[PDB]
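Engineer: When you number the sequence shown by the deposited numbering, it's gap-free, plus one each residue, and the end is 366. Here a beta-carbon is modelled for each residue, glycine too, at the ideal position from N, C-alpha and C. My questions all concern the structure below.
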Amino acid sequence: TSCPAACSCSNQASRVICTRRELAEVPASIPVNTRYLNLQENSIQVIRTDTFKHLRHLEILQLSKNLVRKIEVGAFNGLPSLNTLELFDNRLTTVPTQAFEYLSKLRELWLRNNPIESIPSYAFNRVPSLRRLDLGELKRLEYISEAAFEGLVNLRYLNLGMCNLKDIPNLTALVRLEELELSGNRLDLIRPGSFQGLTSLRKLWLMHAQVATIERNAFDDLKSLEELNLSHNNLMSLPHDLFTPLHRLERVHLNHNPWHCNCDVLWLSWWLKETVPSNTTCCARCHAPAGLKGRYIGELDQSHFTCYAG
Ligand SMILES: *[C@@H]1O[C@H](CO)[C@@H](O)[C@H](O)[C@H]1NC(C)=O
């Protein structure tokens, strides 16, 4: 139950903290009783095979805010009690597939803000047990395999926010997914099959996604959807019946969009009235035309614009 020189060991050596230190490598003599390890804010560059083999009881392992660029094969061997593994704010150029060793208890994996360039096929089929995955802020990402998320039949939260994404990737593997964060992407056009097989999804976020066009039927698959955020995008209108199938959708953010208020958006105003009736004049405003400018989309009706069948 010894404490390493550079760490502060609480309890009977269950909670070990080693932060704000100038650690170049992972310290030794970590007591076997450790269930929590915080090595955040250090200068660690490499993690080696069996570095943690002796820690049977480790549940939470925080290796974030470091310089980690190399994670050798079987680096996390010997950690069958491990739940959460944090690796954000590091210098990983690729996802550390090899490091994984069917860690059935692993539930959270945090990799945001790393210079990862691509997520290859079957990247996480050593860790099917994952519930939360954080792949946000991967600003040098250029490719996601179609089979990248295969095996993650238990994933519930995914974060692909702030990754330069011209297109939504294949997420048909993520059968049980509930929250998807796609904000801060270059998602220009949203085609009909963009969220195929995400029938379990409840919250979807597309804030600051440079979304100009949403084609008809683009959300048909999201049958469980409750919340949507299309705020701070470039939407001028939404296609007919975009929400008719989404029976449970109760919260929609539409603000900060150059909404053009003509009869193409008549349906939406009525959807707003039926779905969120307490909102009389707030807070999704028309930019065009003048005379309708500043007005809440959902306060408009048939007298405000001329309507045809084509
Ligand atoms: C409805 O009003 C609420 C309460 O202020 C606000 O948060 C929301 O932006 C409004 N919803 C829409 C769809 O404009």
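1) With a threshold of 6 Å (Cβ to nearest heavy atom), would residue 308 be considered close to ligand 1?
2) Please list the terminal residues of the continuous alpha helix (DSSP H) segment that includes residue 164.
3) Would you kindly work out how many angstroms separate the C-alpha atoms of residue 271 and residue 289, rounded to a whole number?
4) Identify, in the order they occur along the chain, each residue of the same chain with its Cβ nearer than 6 Å to the Cβ of residue 241, setting aside the five sequence neighbours on each side.
5) Is residue 333 buried or exposed, if buried means 16 or more other CB atoms sit within 10 Å of its CB?
6) In this structure, does DSSP put residue 118 in helix, strand or coil?
7) What does a CB cutoff of less than 6 Å around residue 320 pick up in its chain, not counting 5 residues either side in sequence?
8) Return the residue from the list 291, 98, 209, 126 that minimises the CA-CA distance to residue 153.
9) For ligand 1, is there any heavy atom lying closer than 6 Å to the beta carbon of residue 335?
10) Check each candidate in 349, 100, 89 and name the one with the smallest Cα separation from residue 114.
11) Please report the residue range of the alpha helix (DSSP H) in which residue 328 lies.
12) Within a Cβ cutoff of 8 Å, which residues of the same chain sit near residue 353, ignoring the five residues on either side of it in sequence?
13) Can you tell me where the beta strand (DSSP E) with residue 334 in it begins and where it stops?
14) Grouping DSSP H, G and I as helix and E and B as strand, with all else coil, what is residue 155?
15) What is the residue span of the beta strand (DSSP E) that residue 285 lies within?
16) Measure the Cβ-Cβ separation of residue 159 and residue 183 and say whether it is below 7 Å.
17) Assign residue 107 to one of two classes, buried (16 or more other C-beta atoms within 10 Å of its C-beta) or exposed (fewer than that).
18) In chain order, what are the residue ranges of uninterrupted beta strand (DSSP E) at least 3 long that sit wholly in the segment 234-312?
19) Confirm, please, whether the CB-CB distance from residue 96 to residue 121 is below 7 Å.
20) Any contact between the segment 239-254 and the segment 198-212? By contact I mean 3 or more CB pairs, one from each, below 8 Å.
21) Which of the three DSSP states, helix, strand or coil, is assigned to residue 353?
22) With a threshold of 6 Å (Cβ to nearest heavy atom), would residue 338 be considered close to ligand 1?
23) Under the rule that 16 or more other beta-carbon atoms within 10 Å means buried, what is residue 190, buried or exposed?
24) Is residue 360 helix, strand or coil when you go by DSSP?
25) How many Å lie between residue 69 and residue 144 at the Cα?
Structural biologist: Judging by the given coordinates:
1) Distances between the C-beta of residue 308 and the heavy atoms of ligand 1 include at least one below 6 Å.
2) Not the alpha helix (DSSP H): residue 164 falls in the beta strand (DSSP E), residues 164-166.
3) Those two C-alpha atoms are separated by around 15 Å.
4) 221, 265, listed in sequence order.
5) If you draw a 10 Å sphere on the C-beta of residue 333, you find fewer than 16 other C-beta atoms in it, and that means exposed.
6) Correct three-state label for residue 118: strand.
7) So the list reads 293, once near-sequence residues are dropped.
8) Measuring from the Cα of residue 153, the nearest candidate turns out to be 126.
9) Answer for residue 335: yes, Cβ within range of ligand 1.
10) Nearest C-alpha to residue 114 among 349, 100, 89: 89.
11) Under the DSSP assignment, residue 328 falls in the alpha helix (DSSP H) whose first and last residues are 322-331.
12) Exclusion of the five residues before and after residue 353 leaves 310, 315, 317, 321, 324, 325, 328, 340, 341, 342 as the residues of its chain whose Cβ lies within less than 8 Å of its Cβ.
13) Note, residue 334: premise wrong, no beta strand (DSSP E); not H, not E.
14) Residue state, collapsed to three classes: helix.
15) 283-285 is the span of the beta strand (DSSP E), which, as asked, contains residue 285.
16) For residue 159 and residue 183, yes; Cβs fall inside 7 Å.
17) Residue 107 should be labelled buried.
18) Counting only runs of at least 3 residues, the segment 234-312 fully encloses the following beta strand (DSSP E) elements, listed from N- to C-terminal order: 235-237, 259-261, 283-285, 307-309.
19) Closer than 7 Å, so yes.
20) Judged by pairs of C-beta atoms under 8 Å, the segment 239-254 does not touch the segment 198-212, as fewer than three such pairs exist.
21) Secondary structure at residue 353: helix, using DSSP grouped into helix, strand and coil.
22) Residue 338: yes, Cβ under 6 Å from ligand 1.
23) With 16 or more Cβ atoms within 10 Å of its Cβ, residue 190 is classed as buried.
24) Residue 360: helix per DSSP, three-state reduction.
25) The C-alpha of residue 144 is placed about 25 Å away from the C-alpha of residue 69.
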